[PDB]
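Ligands are counted one by one from 1 in listed order, and the atoms in each one are counted from 1 as well. Here, residue 1 is the first one in the sequence, and each next residue gets the next number.
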Amino acid sequence: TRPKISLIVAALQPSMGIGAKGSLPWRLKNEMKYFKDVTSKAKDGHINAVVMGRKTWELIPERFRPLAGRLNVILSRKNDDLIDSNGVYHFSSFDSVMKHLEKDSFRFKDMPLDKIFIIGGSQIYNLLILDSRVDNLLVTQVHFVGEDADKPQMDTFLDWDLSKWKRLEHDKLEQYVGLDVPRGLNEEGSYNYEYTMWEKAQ
Ligand SMILES: NC(=O)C1=CN([C@@H]2O[C@H](COP(=O)(O)OP(=O)(O)OC[C@H]3O[C@@H](n4cnc5c(N)ncnc54)[C@H](OP(=O)(O)O)[C@@H]3O)[C@@H](O)[C@H]2O)C=CC1
Ligand SMILES: CCc1nc(N)nc(N)c1-c1ccc(Cl)cc1
């Protein structure tokens, strides 16, 4: 873990639902902007990585791919740890891409890496949130404020142990992501949402 490793996720409260019928139930435009900005913000000439499971890669519309200005890592158990002509890292485990990045001195095409973001897959989230190299969680806490009868029926969840983590102050979130970040509850449609940061509670 030379660069710091964040698990970045938007989770419905209180049970941390992250998906429904194979996709994301809410469209929150500013949450999107936050995701883009945080995962993209690096020192001049540096870059961040975004690590995702194959199904999340397939959910991303093709006009976004690879996610611009970031090192794309796709995890598939059939991958052969190859980098393609677009620069995308097709690796078979998080452990194997961490070893490869390390022997590269945590550089991508001569660009130092600043942060490594785990952006996706329930499967990937729930494996890696148990990897001790994960240094923090960037959790957008999403709240449904519409009518009970129209609440999303979440079917996939972040199985995270609250007790193993400690929420940090908003100032610490902003210091880490390198950006001013809206504080408190953001509103869009039937949803309220708040940006939060958590570190290990050892
Ligand atoms: N709310 C949020 O912030 C986010 C929500 N989501 C939601 O998550 C859901 C999709 O997540 P999920 O369906 O779990 O798909 P994932 O994106 O986690 O990718 C799953 C794939 O990852 C690969 N994989 C699984 N375990 C391993 C392993 N141990 N080593 C290497 N590769 C592995 C497999 O590909 P193979 O079979 O080829 O090995 C598997 O099919 C959707 O509902 C989406 O909306 C997604 C991202 C963020
Ligand atoms: C912008 C939504 C979003 N917000 C946050 N805070 N984290 C994420 N990991 C994502 C995300 C969701 C679905 C996909 Cl397919 C990719 C990324």
Side-chain angles (χ1 to χ4, degrees), residues 5-41 48-70 72-82 88-100 115-131 133-134 136-144 152-160 173-174 176-177 179 181-182 185-186 188-189 191-198:
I5 296 170
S6 295
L7 190 160
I8 187 167
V9 60
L12 192 64
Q13 299 306 286
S15 289
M16 314 285 297
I18 59 167
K21 282 81 72 178
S23 64
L24 192 76
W26 50 79
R27 294 287 182 182
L28 308 166
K29 295 183 317 283
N30 280 6
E31 213 281 326
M32 184 55 223
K33 294 180 208 172
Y34 173 82
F35 176 80
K36 175 67 185 265
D37 288 349
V38 168
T39 62
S40 298
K41 177 64 167 171
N48 296 326
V50 293
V51 178
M52 72 201 80
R54 178 180 52 81
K55 283 185 171 15
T56 293
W57 171 255
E58 283 168 12
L59 265 164
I60 304 186
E62 307 169 272
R63 48 171 189 284
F64 279 92
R65 311 193 307 198
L67 299 188
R70 291 149 288 179
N72 285 312
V73 183
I74 308 167
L75 296 181
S76 168
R77 300 158 286 191
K78 289 184 177 181
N79 279 344
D80 299 307
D81 299 356
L82 300 176
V88 177
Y89 283 39
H90 298 270
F91 277 62
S92 56
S93 71
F94 179 69
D95 198 41
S96 84
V97 72
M98 280 308 282
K99 294 179 183 179
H100 182 114
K115 299 155 202 139
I116 300 171
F117 294 94
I118 295 149
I119 75 171
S122 176
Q123 296 194 37
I124 299 309
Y125 281 147
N126 288 311
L127 288 171
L128 295 196
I129 193 165
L130 302 169
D131 192 306
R133 286 169 290 198
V134 174
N136 59 69
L137 313 179
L138 287 166
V139 181
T140 301
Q141 290 184 338
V142 182
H143 305 270
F144 186 80
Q153 189 81 24
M154 311 301 299
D155 57 33
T156 180
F157 302 78
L158 187 69
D159 295 321
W160 73 280
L173 188 163
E174 283 181 323
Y176 174 71
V177 302
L179 297 170
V181 172
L185 297 165
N186 306 101
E188 268 187 56
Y191 293 89
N192 279 8
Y193 58 97
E194 182 176 9
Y195 306 122
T196 74
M197 186 164 174
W198 307 65

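- Judged by the shortest distance from any of its heavy atoms, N126 lies outside the 4.0 Å radius around the atoms of ligand 1.
- Checking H143, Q13, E188 one by one against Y193, the side-chain hydrogen bond (donor to acceptor under 3.5 Å, both in side chains) holds for a single residue, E188.
- Within ligand 1, the atoms closer than 4.0 Å to a non-hydrogen atom of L59 are 42 (C), 44 (C), 45 (O), numbered from 1 in the order shown.
- With a 4.0 Å heavy-atom cut-off, ligand 2 is reached by no atom of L138.
- We find the CG-CH2 distance between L173 and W198 to be 12.0 Å, quoted to the nearest 0.5 Å.
- Both the backbone and the side chain of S122 come within 4.0 Å of ligand 1, counting heavy atoms alone.
- Distances below 4.0 Å separate heavy atoms of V9 from the following atoms of ligand 1: 2 (C), 3 (O).
- Interface of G19 with ligand 1, defined as ligand atoms under 4.0 Å from a residue heavy atom, comprises 43 (O).
- Atom 12 (C) of ligand 2 has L24 CD2, 4.5 Å as its closest protein atom, hydrogens excluded (heavy atom only).
- In summary, of the residues considered (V139, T140, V142), a side-chain contact (heavy atoms from CB on, under 4.5 Å) with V9 occurs for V139 alone.
- Nearest protein neighbour of atom 11 (C) of ligand 2, counting heavy atoms only, is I119 O, 4.3 Å.
- In this structure, the protein non-hydrogen atom closest to atom 14 (O) of ligand 1 is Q123 N, 2.8 Å.
- Residue nearest to atom 32 (N) of ligand 1, selected from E31, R54, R77: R77 (by heavy-atom distance).
- Under 4.0 angstrom from ligand 1, the non-hydrogen atoms of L127 all belong to its side chain.
- Within the model, atoms CZ of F35 and CG of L67 stand 6.0 Å from one another, a figure rounded to the nearest 0.5 Å.
- Summary of contacts: the protein heavy atom closest to atom 31 (C) of ligand 1 is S92 O, 3.2 Å.
- Remark: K33 NZ to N186 CG distance equals 10.5 Å, nearest 0.5 Å.
- Protein heavy atom closest to atom 13 (O) of ligand 1, with residue, atom name and distance, is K55 CD, 3.5 Å.
- Between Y89 and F91, the two ring planes are parallel [angle under 30°; tilted spans 30° to 60°].
- Closest to atom 5 (C) of ligand 2 by heavy atom, among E58, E31, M32, is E31.
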>> Please determine whether side-chain hydrogen bond (donor to acceptor under 3.5 Å, both in side chains) holds for the pair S92 and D81, giving the CA-CA distance in whole Å, both sets of side-chain angles, and the decisive distance to 0.1 Å.
In response: CA-CA 6 Å; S92 56; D81 299 356; 3.1 Å; yes
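- In terms of protein heavy-atom proximity, atom 16 (P) of ligand 1 is closest to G121 CA, 3.0 Å.
- In this structure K36 satisfies the side-chain contact (heavy atoms from CB on, under 4.5 Å) test together with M32, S40, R70, sequence neighbours excluded.
- Residue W57 places no heavy atom under 4.0 Å from ligand 2.
- Shown here, atom 2 (C) of ligand 2 is in close reach of the protein: a heavy atom of it lies under 4.0 Å off.
- Nearest to atom 14 (C) of ligand 2 by heavy atom, out of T56, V142, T39, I8, is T56.
- In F94, neither the side chain nor the backbone holds a heavy atom less than 4.0 Å from any atom of ligand 1.
- A salt bridge links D95 with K99; the closest basic N to acidic carboxylate O contact falls under 4.0 Å.
- Checked by distance only, ligand 1 and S93 stay at 3.5 Å or farther apart across all their nitrogen or oxygen atoms.
- In terms of protein heavy-atom proximity, atom 4 (C) of ligand 1 is closest to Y125 OH, 3.8 Å.
- At the shortest separation from atom 10 (C) of ligand 2 among protein heavy atoms lies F35 CD1, 3.8 Å.
- Counting protein heavy atoms only, atom 5 (C) of ligand 1 is closest to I18 O, 3.1 Å.
- The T140 neighbourhood of ligand 2 comprises atoms 6 (N), with distances under 4.0 Å to a heavy atom of that residue.
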